[PDB]
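# Commentary on secondary and tertiary structure
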Amino acid sequence: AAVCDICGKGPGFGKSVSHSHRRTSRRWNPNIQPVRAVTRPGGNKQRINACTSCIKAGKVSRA
RNA sequence: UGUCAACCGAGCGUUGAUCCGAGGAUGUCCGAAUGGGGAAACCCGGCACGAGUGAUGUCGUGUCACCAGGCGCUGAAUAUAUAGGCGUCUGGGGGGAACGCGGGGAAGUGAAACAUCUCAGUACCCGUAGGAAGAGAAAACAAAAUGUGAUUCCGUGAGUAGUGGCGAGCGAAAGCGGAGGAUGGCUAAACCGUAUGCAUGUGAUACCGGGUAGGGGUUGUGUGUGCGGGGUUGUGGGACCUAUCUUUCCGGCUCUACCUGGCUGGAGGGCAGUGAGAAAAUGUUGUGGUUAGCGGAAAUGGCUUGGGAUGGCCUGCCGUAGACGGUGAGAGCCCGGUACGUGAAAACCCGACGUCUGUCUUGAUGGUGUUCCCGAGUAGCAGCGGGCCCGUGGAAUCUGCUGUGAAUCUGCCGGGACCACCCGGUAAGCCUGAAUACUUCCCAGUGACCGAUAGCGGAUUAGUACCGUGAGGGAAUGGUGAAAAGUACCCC
RNA sequence: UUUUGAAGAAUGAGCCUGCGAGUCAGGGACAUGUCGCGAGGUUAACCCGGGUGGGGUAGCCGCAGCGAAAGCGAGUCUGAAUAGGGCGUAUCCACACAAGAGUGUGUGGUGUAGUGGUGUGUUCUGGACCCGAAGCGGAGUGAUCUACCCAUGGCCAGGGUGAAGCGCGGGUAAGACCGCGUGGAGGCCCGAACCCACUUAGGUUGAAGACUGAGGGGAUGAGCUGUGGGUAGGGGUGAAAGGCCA
RNA sequence: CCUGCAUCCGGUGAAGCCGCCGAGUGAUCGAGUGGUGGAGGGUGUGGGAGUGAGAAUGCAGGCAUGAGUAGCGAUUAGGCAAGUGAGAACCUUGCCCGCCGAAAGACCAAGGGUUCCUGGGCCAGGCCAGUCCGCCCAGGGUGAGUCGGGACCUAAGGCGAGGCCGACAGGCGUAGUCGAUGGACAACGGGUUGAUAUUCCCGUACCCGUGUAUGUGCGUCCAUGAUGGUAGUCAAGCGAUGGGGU
RNA sequence: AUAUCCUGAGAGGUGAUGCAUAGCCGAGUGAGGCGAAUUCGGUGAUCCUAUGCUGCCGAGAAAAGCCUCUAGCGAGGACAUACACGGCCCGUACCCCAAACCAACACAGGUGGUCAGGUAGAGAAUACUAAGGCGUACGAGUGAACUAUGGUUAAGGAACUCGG
RNA sequence: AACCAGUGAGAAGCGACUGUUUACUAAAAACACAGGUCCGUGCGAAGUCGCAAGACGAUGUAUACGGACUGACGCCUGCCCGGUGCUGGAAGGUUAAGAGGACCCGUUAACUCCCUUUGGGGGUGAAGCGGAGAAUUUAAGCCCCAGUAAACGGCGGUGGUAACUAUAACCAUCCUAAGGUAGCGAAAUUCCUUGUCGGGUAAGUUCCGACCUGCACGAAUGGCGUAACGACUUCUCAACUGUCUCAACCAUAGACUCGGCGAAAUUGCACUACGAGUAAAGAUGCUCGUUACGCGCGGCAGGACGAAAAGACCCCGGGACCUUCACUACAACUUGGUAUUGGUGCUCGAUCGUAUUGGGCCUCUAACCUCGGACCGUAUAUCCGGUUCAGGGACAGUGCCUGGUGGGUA
RNA sequence: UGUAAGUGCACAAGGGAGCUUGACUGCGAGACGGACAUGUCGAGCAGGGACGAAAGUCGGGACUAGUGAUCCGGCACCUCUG
Ligand SMILES: [Mg+2]
Ligand SMILES: [Mg+2]
Ligand SMILES: [Mg+2]
Ligand SMILES: [Mg+2]
Ligand SMILES: [Mg+2]
Ligand SMILES: [Mg+2]
Ligand SMILES: [Mg+2]
Ligand SMILES: [Mg+2]
Ligand SMILES: [Mg+2]
Ligand SMILES: [Mg+2]
Ligand SMILES: [Mg+2]
Ligand SMILES: [Mg+2]
Ligand SMILES: [Mg+2]
Ligand SMILES: [Mg+2]
Ligand SMILES: [Mg+2]
Ligand SMILES: [Mg+2]
Ligand SMILES: [Mg+2]
Ligand SMILES: [Mg+2]
Ligand SMILES: [Mg+2]
Ligand SMILES: [Mg+2]
Ligand SMILES: [Mg+2]
Ligand SMILES: [Mg+2]
Ligand SMILES: [Mg+2]
Ligand SMILES: [Mg+2]
Ligand SMILES: [Mg+2]
Ligand SMILES: [Mg+2]
Ligand SMILES: [Mg+2]
Ligand SMILES: [Mg+2]
Ligand SMILES: [Mg+2]
Ligand SMILES: [Mg+2]
Ligand SMILES: [Mg+2]
Ligand SMILES: [Mg+2]
Ligand SMILES: [Mg+2]
Ligand SMILES: [Mg+2]
Ligand SMILES: [Mg+2]
Ligand SMILES: [Mg+2]
Ligand SMILES: [Mg+2]
Ligand SMILES: [Mg+2]
Ligand SMILES: [Mg+2]
Ligand SMILES: [Mg+2]
Ligand SMILES: [Mg+2]
Ligand SMILES: [Mg+2]
Ligand SMILES: [Mg+2]
Ligand SMILES: [Mg+2]
Ligand SMILES: [Mg+2]
Ligand SMILES: [Mg+2]
Ligand SMILES: [Mg+2]
Ligand SMILES: [Mg+2]
Ligand SMILES: [Mg+2]
Ligand SMILES: [Mg+2]
Ligand SMILES: [Mg+2]
Ligand SMILES: [Mg+2]
Ligand SMILES: [Mg+2]
Ligand SMILES: [Mg+2]
Ligand SMILES: [Mg+2]
Ligand SMILES: [Mg+2]
Ligand SMILES: [Mg+2]
Ligand SMILES: [Mg+2]
Ligand SMILES: [Mg+2]
Ligand SMILES: [Mg+2]
Ligand SMILES: [Mg+2]
Ligand SMILES: [Mg+2]
Ligand SMILES: [Mg+2]
Ligand SMILES: [Mg+2]
Ligand SMILES: [Mg+2]
Ligand SMILES: [Mg+2]
Ligand SMILES: [Mg+2]
Ligand SMILES: [Mg+2]
Ligand SMILES: [Mg+2]
Ligand SMILES: [Mg+2]
Ligand SMILES: [Mg+2]
Ligand SMILES: [Mg+2]
Ligand SMILES: [Mg+2]
Ligand SMILES: [Mg+2]
Ligand SMILES: [Mg+2]
Ligand SMILES: [Mg+2]
Ligand SMILES: [Mg+2]
Ligand SMILES: [Mg+2]
Ligand SMILES: [Mg+2]
Ligand SMILES: [Mg+2]
Ligand SMILES: [Mg+2]
Ligand SMILES: [Mg+2]
Ligand SMILES: [Mg+2]
Ligand SMILES: [Mg+2]
Ligand SMILES: [Mg+2]
Ligand SMILES: [Mg+2]
Ligand SMILES: [Mg+2]
Ligand SMILES: [Mg+2]
Ligand SMILES: [Mg+2]
Ligand SMILES: [Mg+2]
Ligand SMILES: [Mg+2]
Ligand SMILES: [Mg+2]
Ligand SMILES: [Mg+2]
Ligand SMILES: [Mg+2]
Ligand SMILES: [Mg+2]
Ligand SMILES: [Mg+2]
Ligand SMILES: [Mg+2]
Ligand SMILES: [Mg+2]
Ligand SMILES: [Mg+2]
Ligand SMILES: [Mg+2]
Ligand SMILES: [Mg+2]
Ligand SMILES: [Mg+2]
Ligand SMILES: [Mg+2]
Ligand SMILES: [Mg+2]
Ligand SMILES: [Mg+2]
Ligand SMILES: [Mg+2]
Ligand SMILES: [Mg+2]
Ligand SMILES: [Mg+2]
Ligand SMILES: [Mg+2]
Ligand SMILES: [Mg+2]
Ligand SMILES: [Mg+2]
Ligand SMILES: [Mg+2]
Ligand SMILES: [Mg+2]
Ligand SMILES: [Mg+2]
Ligand SMILES: [Mg+2]
Ligand SMILES: [Mg+2]
Ligand SMILES: [Mg+2]
Ligand SMILES: [Mg+2]
Ligand SMILES: [Mg+2]
Ligand SMILES: [Mg+2]
Ligand SMILES: [Mg+2]
Ligand SMILES: [Mg+2]
Ligand SMILES: [Mg+2]
Ligand SMILES: [Mg+2]
Ligand SMILES: [Mg+2]
Ligand SMILES: [Mg+2]
Ligand SMILES: [Mg+2]
Ligand SMILES: [Mg+2]
Ligand SMILES: [Mg+2]
Ligand SMILES: [Mg+2]
Ligand SMILES: [Mg+2]
Ligand SMILES: [Mg+2]
Ligand SMILES: [Mg+2]
Ligand SMILES: [Mg+2]
Ligand SMILES: [Mg+2]
Ligand SMILES: [Mg+2]
Ligand SMILES: [Mg+2]
Ligand SMILES: [Mg+2]
Ligand SMILES: [Mg+2]
Ligand SMILES: [Mg+2]
Ligand SMILES: [Mg+2]
Ligand SMILES: [Mg+2]
Ligand SMILES: [Mg+2]
Ligand SMILES: [Mg+2]
Ligand SMILES: [Mg+2]
Ligand SMILES: [Mg+2]
Ligand SMILES: [Mg+2]
Ligand SMILES: [Mg+2]
Ligand SMILES: [Mg+2]
Ligand SMILES: [Mg+2]
Ligand SMILES: [Mg+2]
Ligand SMILES: [Mg+2]
Ligand SMILES: [Mg+2]
Ligand SMILES: [Mg+2]
Ligand SMILES: [Mg+2]
Ligand SMILES: [Mg+2]
Ligand SMILES: [Mg+2]
Ligand SMILES: [Mg+2]
Ligand SMILES: [Mg+2]
Ligand SMILES: [Mg+2]
Ligand SMILES: [Mg+2]
Ligand SMILES: [Mg+2]
Ligand SMILES: [Mg+2]
Ligand SMILES: [Mg+2]
Ligand SMILES: [Mg+2]
Ligand SMILES: [Mg+2]
Ligand SMILES: [Mg+2]
Ligand SMILES: [Mg+2]
Ligand SMILES: [Mg+2]
Ligand SMILES: [Mg+2]
Ligand SMILES: [Mg+2]
Ligand SMILES: [Mg+2]
Ligand SMILES: [Mg+2]
Ligand SMILES: [Mg+2]
Ligand SMILES: [Mg+2]
Ligand SMILES: [Mg+2]
Ligand SMILES: [Mg+2]
Ligand SMILES: [Mg+2]
Ligand SMILES: [Mg+2]
Ligand SMILES: [Mg+2]
Ligand SMILES: [Mg+2]
Ligand SMILES: [Mg+2]
Ligand SMILES: [Mg+2]
Ligand SMILES: [Mg+2]
Ligand SMILES: [Mg+2]
Ligand SMILES: [Mg+2]
Ligand SMILES: [Zn+2]
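Residues numbered from 1 in each chain as written, not as in the entry; some residues may be left out. Chains lettered and ligands numbered in written order. Part of a larger assembly, values for the part shown. Heavy atoms only, no water.

Method-wise, the PDB entry is recorded as coming from cryo-EM, at a reported resolution of 3.26 Å.

Put into structure tokens, the structure is as follows:
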């Protein structure tokens, strides 16, 4: 739950602000889920972490 | 025949010692440690080739990690195939004082308190290479001037325009003047060829510019990929037809033989070359400098005090050399050397002079109307955060994440919301030296800087003794005199 | 020294020789002397000179001010108002006009002085006269004593107390129960080593940075101890006292 | 005090120190004189100061009183004759007396590294003097097929090829290899020098390996046998990285 | 069935015509030579049989080695005797209930384990003692008070002290 | 016969016993201890450490495990559900993000009047581009209603009503939830207190047994007893003794002289009297007066505000830790939307059949999930990966925004 | 004699009656006391009003208490900017 193995999108770091205008540390992590990639026509897939961006763009096929 | 620091015994050298300059071998063990093991410098092996004993026991020289990337073989449950397994080559594991790039990232303290702020993007950490790095060829400014023309670094522009519990504080840009010259080059798209596959075929009147004609595969027609031409831009450009001008020879092809228009090979003549624009090697110069050395001028002058003249008085000489040190007391002419001249076996790097490599000349020049192209989850939009003076405020621009999601030249984006008219430009791919930053080391120089409680903690046994089981802390100790001639000898 | 008030019984001083304290940086600011120039002064960054010298007009202040502005100008803003007011035209004298509500309104003159270096007092930003804590964060180091647990050994001198069970003689129909011999279960009892620390006297510039002399509790267990291992600081551990962590 | 400039002094004695004599309204001065010394100084006028001490329970070094006062670190206690030598209650020899004796004795592991022996001396140390020493100097000294460890095996635990997770840094744990306080494993008595002893010697034992010779002696090539009975295997001898006992 | 096997204390023979010793001679920092008897009883273990046996519950390491089995290799190997050989690396002095270790010291503390004689004694307590080792590092004198550790004391016995 | 070698009894209080604790002032009435009750846990559990895998719980499965209060054994364990938590009913009101676009304006196409010639100067209006943007939708929390005291908690005063004196020993007044059941009581609780009564010696503010006037005893922060036990606290009795009237004597190690070595704290100065005075209010050091040869040794300690640690007690200023309905945040938990995210069916609505795009429910498998079984990588593997079989399944988990609880942390 | 006290008012500022909103706009010569900013009075000018024939008075209440800076923001208008 860190980075997409394909596009390598790492998490970004920022500062969270309360309604009292006081600052504090917080982190944002890109949406990535475990899916079996469709790359070989042979009909075999392997467990690889992927990101919604790559999945929806189809860089790893759906089948 | 190094040195602390005398002393003895031993020896070499004119047949060139010692010394210094360049290159070359050996180089026990640990230390990324990598034959295996482990509490640093200590224990135990395999394999091959040699040495030794009547044979084991023994001994010498090689070789015996891991990971990643190529290449070859092999193909499990399981069939296609993969994972996995073997053989062989190429690379990497650590260290380094400062200098860079991208991230993470704190608390003391001011506001006479303090949450926002500031301290500060500081200390520290992480991943990273170099001798420098990064950045870089406008989707840039400005405003009606017919302006500038890549980037970087300094001085102004000013403590102003702004911002802030409008407190404490924080802080630009444009333009202008300087250092440098390369206002440089590459790459995917529009279309033909070629190894292919996936396909399907009316498998025959379609593939080839016209005419004579032979046939049914340069597949008849589509798709994705590797390989060579033609193109690289803003007054838009590039691909197709249509006229004009056309600065070597020959061959094979445009299905085929014959004329017309195109594709490709073999030979002049230019073009550059270690180069960012393509890469590899091989044949002949600079008293270019550097790593040592060598030459190098003139008073034993006289008189005086003296232990000692390098002190005082009087006479000389050199000066392309009166910088600086030593010598028994302040030395141009005593010594070391200074001005100046020379000077290298080997090696270094620079520059210049020579085989070889490769694009183009099958090609270039100025026009025309039509059909296709100009960098995809991108630009923009909505939500949540950063840093620009802008501390969400009307919020421009850049950027991180999540959803939605566009077009190809009367297209698109920019001139601090936004609309209309004007003006500039062509992002979503990649390289690019010169102007700049720094010294752990070496060479040469300087001090209205310190002289032993000062000066680096360290002028001597120095990061030693010592303290602490640890990170770590951290001490004080120079002057005899010209030479030791360091007081023979006698006496208590 | 600090005190309104002290020779003090308010503090500092054993003696001696050394070491120890209003400086620096910036074209900063105000003020004050000093030198050139004079309606100008004035150079940065950067070039050429073993050298302090010579170039370098990019910049900054006075030269006109008023008004938030479109602007205007010896005037200007407020304003319906030459109608009074706010700011400015260096200052002055003289000449005329008004009231003499103190002064103002119009003409002519002498005519204005600022700017660069530098000495000195203060001030701005750097810790800015000298020295002086309890505490915070980041990064690292310790469970060899002390707490707990884990694997593996050793340790407890002597002497008493006698459950179940068992066999025999009684009781019963069988028992419970009644006596007789064996057994040593006991977080049982008295008492060594070891371990603990209750009272008491000494020590207190001690022999010892927490002991000694007399007495005091366990001693087969929640026992004692050796060997090697694990537990890291807003945390560990803790038969729980706000203890321990060299 | 250091410096630019111009001057003067100095082995016929420059700088500090200790006196005498004097001098200015002050911080002081003397080119006026005496002893010590041996190597650089003064005046005039400019520029720059780490430029002037008595106190902060200041710091480095040296030294005052209490002071020739307390103590000289237990629960046993010495005495005598002789010797050595300059020195003897503290050293050597001999004779009495006392103390300890679940230790105040004889040993192992951990712990230190030359404290062990021989020879030399007694300015450093021993709480006093020392001929003595756990002071130092110079030399010498440590002997394993069988004792403790390694080459044999394992635990609580540590490392960790692959791998999982994690923004990076990093946390986990498989196969394996490390880790005695355990298991198995083969020697005892006596003698010996100034220091070594299950180690050397004497006497007698035990456990693994290699070579040669000899004797039992069995097969490969013949072939009986048992068979499942022509033919195909075979039970010799080794025997596990595997199974099962211990 | 004391069948058969295993184990196995203790006893007995061998090791040993050897070694050592009480003692006798000369000989002294000491060495040399010679060298007797060595039978029977009592007491009695914390040591052996013993990983035994009997009770109890809180219910009690692994690997290696050894034996065996085949799988599998296999034509030389097994046994016995004799002769002649090899058997690897580190630890090895001295100090150990302390003047040599832990405590700043030549310290009134601590430090795991093994040896345990005689007499009285229940004893590994207590008293004197053998083997064995010590007189441990400032001394000599002196009826002061006072201090501290002991010893004794008429009659009352707790009347002091907050408190036997 | 030396040495060695337990005083005993009678009560009360507290605790059931043996045990453990503040190294270095406190060993207890403190702590735990076996008994019980309640709460929570359906199994890669809850609870943990760890942002994650994973590990413990357990190589176990409610006749167990985690949390809480109590403490052997005997007789027992009263009333109250308003407030706050917890478990249920959310059947209504309220509101976040997101969907949604009533109306409005800016903008110039087109224009509405003069004014020219080739849309502005004095208002209408299309599209596109933008802005605030309203009504409708929502889920949680909050308000509403029941249960729970071995959950945190509370359990009063007021008046009247006996045969002579004594008071309430029944009824009603306010309130809320009721206004102390058993048991005990001048106690480890009691200020007025040495309360009153009986025991104890001559004397008893201690002690023992009772009296109820319980400021301010009380039954799971338990009450009253209780065999045995306690280096726990208080009192009484016999024996004893130098603890006393009342002290005396003897020995050891110092204290003392002699010999040797040789110590520390402090220190402004010194040929450092006293009586009465004088002052920063207590004088060796000042005024008047009295006394007093110089220098030592052994003894005693009133003074020299003697030595020790920049006073702990007080205040000022600044820290640290702690508590909560003080403020502001965070972790964690929890609610919806949205992406991951698929197909077919029933059922509810805003331009009784006609149009509305979002809710509720049931199904199917391919996404996805399972510390389920069997095989292979594999000689040794409870790791890991792959194939297959078997179950869940468009949920859950996880990204982004958001509403709530939140002394667990800052 | 509205609201406490004092100072005043018998001429009125006590009461009664008719009309009317000067409880205006643009200004202000000078003084009052104050460390600072806050606080107090005022003659007189112009516009356009009120009362009164006129002379004349009116910039709230016989007098002294009935209140609050800075910053930020809202509303109307403006011959400012853009
Ligand atoms: Mg990731
Ligand atoms: Mg950041
Ligand atoms: Mg912050
Ligand atoms: Mg060399
Ligand atoms: Mg070599
Ligand atoms: Mg290695
Ligand atoms: Mg290694
Ligand atoms: Mg590779
Ligand atoms: Mg296949
Ligand atoms: Mg590196
Ligand atoms: Mg403050
Ligand atoms: Mg503050
Ligand atoms: Mg900043
Ligand atoms: Mg480089
Ligand atoms: Mg660039
Ligand atoms: Mg770029
Ligand atoms: Mg600027
Ligand atoms: Mg400031
Ligand atoms: Mg091309
Ligand atoms: Mg191209
Ligand atoms: Mg001379
Ligand atoms: Mg001369
Ligand atoms: Mg010179
Ligand atoms: Mg010389
Ligand atoms: Mg010189
Ligand atoms: Mg020379
Ligand atoms: Mg902002
Ligand atoms: Mg904004
Ligand atoms: Mg604009
Ligand atoms: Mg243009
Ligand atoms: Mg472009
Ligand atoms: Mg540069
Ligand atoms: Mg000196
Ligand atoms: Mg250390
Ligand atoms: Mg002062
Ligand atoms: Mg004073
Ligand atoms: Mg004063
Ligand atoms: Mg005074
Ligand atoms: Mg005094
Ligand atoms: Mg004082
Ligand atoms: Mg004082
Ligand atoms: Mg004071
Ligand atoms: Mg001093
Ligand atoms: Mg001192
Ligand atoms: Mg200033
Ligand atoms: Mg000035
Ligand atoms: Mg001047
Ligand atoms: Mg005026
Ligand atoms: Mg800290
Ligand atoms: Mg550790
Ligand atoms: Mg029984
Ligand atoms: Mg018994
Ligand atoms: Mg007893
Ligand atoms: Mg003592
Ligand atoms: Mg200490
Ligand atoms: Mg004691
Ligand atoms: Mg004791
Ligand atoms: Mg006693
Ligand atoms: Mg005892
Ligand atoms: Mg007792
Ligand atoms: Mg007991
Ligand atoms: Mg016990
Ligand atoms: Mg550690
Ligand atoms: Mg407590
Ligand atoms: Mg401690
Ligand atoms: Mg000088
Ligand atoms: Mg001279
Ligand atoms: Mg001289
Ligand atoms: Mg002289
Ligand atoms: Mg001299
Ligand atoms: Mg001068
Ligand atoms: Mg001067
Ligand atoms: Mg200066
Ligand atoms: Mg100074
Ligand atoms: Mg001084
Ligand atoms: Mg000192
Ligand atoms: Mg003293
Ligand atoms: Mg004394
Ligand atoms: Mg004494
Ligand atoms: Mg002693
Ligand atoms: Mg003697
Ligand atoms: Mg004894
Ligand atoms: Mg004994
Ligand atoms: Mg003993
Ligand atoms: Mg040891
Ligand atoms: Mg050792
Ligand atoms: Mg010795
Ligand atoms: Mg000697
Ligand atoms: Mg000596
Ligand atoms: Mg000494
Ligand atoms: Mg020696
Ligand atoms: Mg050996
Ligand atoms: Mg492991
Ligand atoms: Mg690895
Ligand atoms: Mg691991
Ligand atoms: Mg190991
Ligand atoms: Mg071991
Ligand atoms: Mg031995
Ligand atoms: Mg026995
Ligand atoms: Mg051998
Ligand atoms: Mg060895
Ligand atoms: Mg030895
Ligand atoms: Mg030793
Ligand atoms: Mg030793
Ligand atoms: Mg010992
Ligand atoms: Mg020591
Ligand atoms: Mg000692
Ligand atoms: Mg000791
Ligand atoms: Mg011990
Ligand atoms: Mg014993
Ligand atoms: Mg004795
Ligand atoms: Mg002895
Ligand atoms: Mg005494
Ligand atoms: Mg006594
Ligand atoms: Mg008597
Ligand atoms: Mg008596
Ligand atoms: Mg009394
Ligand atoms: Mg009493
Ligand atoms: Mg009670
Ligand atoms: Mg007890
Ligand atoms: Mg306890
Ligand atoms: Mg404790
Ligand atoms: Mg204590
Ligand atoms: Mg203690
Ligand atoms: Mg205590
Ligand atoms: Mg206790
Ligand atoms: Mg107790
Ligand atoms: Mg307890
Ligand atoms: Mg109960
Ligand atoms: Mg229980
Ligand atoms: Mg319960
Ligand atoms: Mg769980
Ligand atoms: Mg409970
Ligand atoms: Mg209780
Ligand atoms: Mg209790
Ligand atoms: Mg209720
Ligand atoms: Mg309720
Ligand atoms: Mg309530
Ligand atoms: Mg909407
Ligand atoms: Mg609720
Ligand atoms: Mg309610
Ligand atoms: Mg009572
Ligand atoms: Mg009671
Ligand atoms: Mg009471
Ligand atoms: Mg009382
Ligand atoms: Mg009483
Ligand atoms: Mg009493
Ligand atoms: Mg109470
Ligand atoms: Mg309760
Ligand atoms: Mg209850
Ligand atoms: Mg009781
Ligand atoms: Mg009595
Ligand atoms: Mg008596
Ligand atoms: Mg007496
Ligand atoms: Mg006597
Ligand atoms: Mg004595
Ligand atoms: Mg004494
Ligand atoms: Mg004495
Ligand atoms: Mg002495
Ligand atoms: Mg003092
Ligand atoms: Mg007085
Ligand atoms: Mg007095
Ligand atoms: Mg006083
Ligand atoms: Mg006096
Ligand atoms: Mg006095
Ligand atoms: Mg006097
Ligand atoms: Mg007088
Ligand atoms: Mg007299
Ligand atoms: Mg006193
Ligand atoms: Mg005092
Ligand atoms: Mg204090
Ligand atoms: Mg305070
Ligand atoms: Mg804290
Ligand atoms: Mg959503
Ligand atoms: Mg979703
Ligand atoms: Mg989507
Ligand atoms: Mg709160
Ligand atoms: Mg807190
Ligand atoms: Mg009236
Ligand atoms: Mg008004
Ligand atoms: Mg005025
Ligand atoms: Mg008027
Ligand atoms: Mg007026
Ligand atoms: Mg008025
Ligand atoms: Mg009126
Ligand atoms: Mg403010
Ligand atoms: Zn991706």
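Along the polypeptide, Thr24 turns up in strand β2 (residues 23-28). In this structure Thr24 comes out as partly exposed when scored by relative accessible area, which is 40%. Linking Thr24 and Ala63, residues 39 residues apart in sequence, is a C-alpha distance of 43 Å. Leaving out residues up to four positions away in the same chain, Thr24 has contacts with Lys15 and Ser16. (Helix = DSSP H or I, 4+ residues; strand = E, 2+ residues; numbered from the N terminus. Buried < 20%, exposed > 50% of the residue type's maximum accessible area, 1.4 Å probe, protein only. Contact = heavy atoms within 4.5 Å.)

Around RNA strand F, the structure places 14 residues, and the nearest of them are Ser18, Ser20, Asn29, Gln33 and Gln46. Per the 4 Å cut-off to the protein, sugar and phosphate atoms form 78% of the nearby atoms of RNA strand F. Within the side chain of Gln46, a nitrogen or oxygen atom sits 2.8 Å from a phosphate oxygen of RNA strand F. Between RNA strand F and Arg47, the relevant distance is 3.1 Å, taken from a phosphate oxygen to a side-chain nitrogen or oxygen of the residue. Those elements that provide at least two residues to the surface near RNA strand F are β2 and β3 (32-36). Of all the elements, β3 adds the most residues to the surface near RNA strand F, at three residues. Among the residues forming the surface near RNA strand F, the class breakdown is three nonpolar, seven polar and four charged. (Near = heavy atom within 4 Å. Polar contact = N/O pair within 3.5 Å; in protein donor to acceptor, adjacent residues only side chain to side chain. Nonpolar A, V, L, I, M, F, W, Y, C, P; charged D, E, K, R; others polar.)

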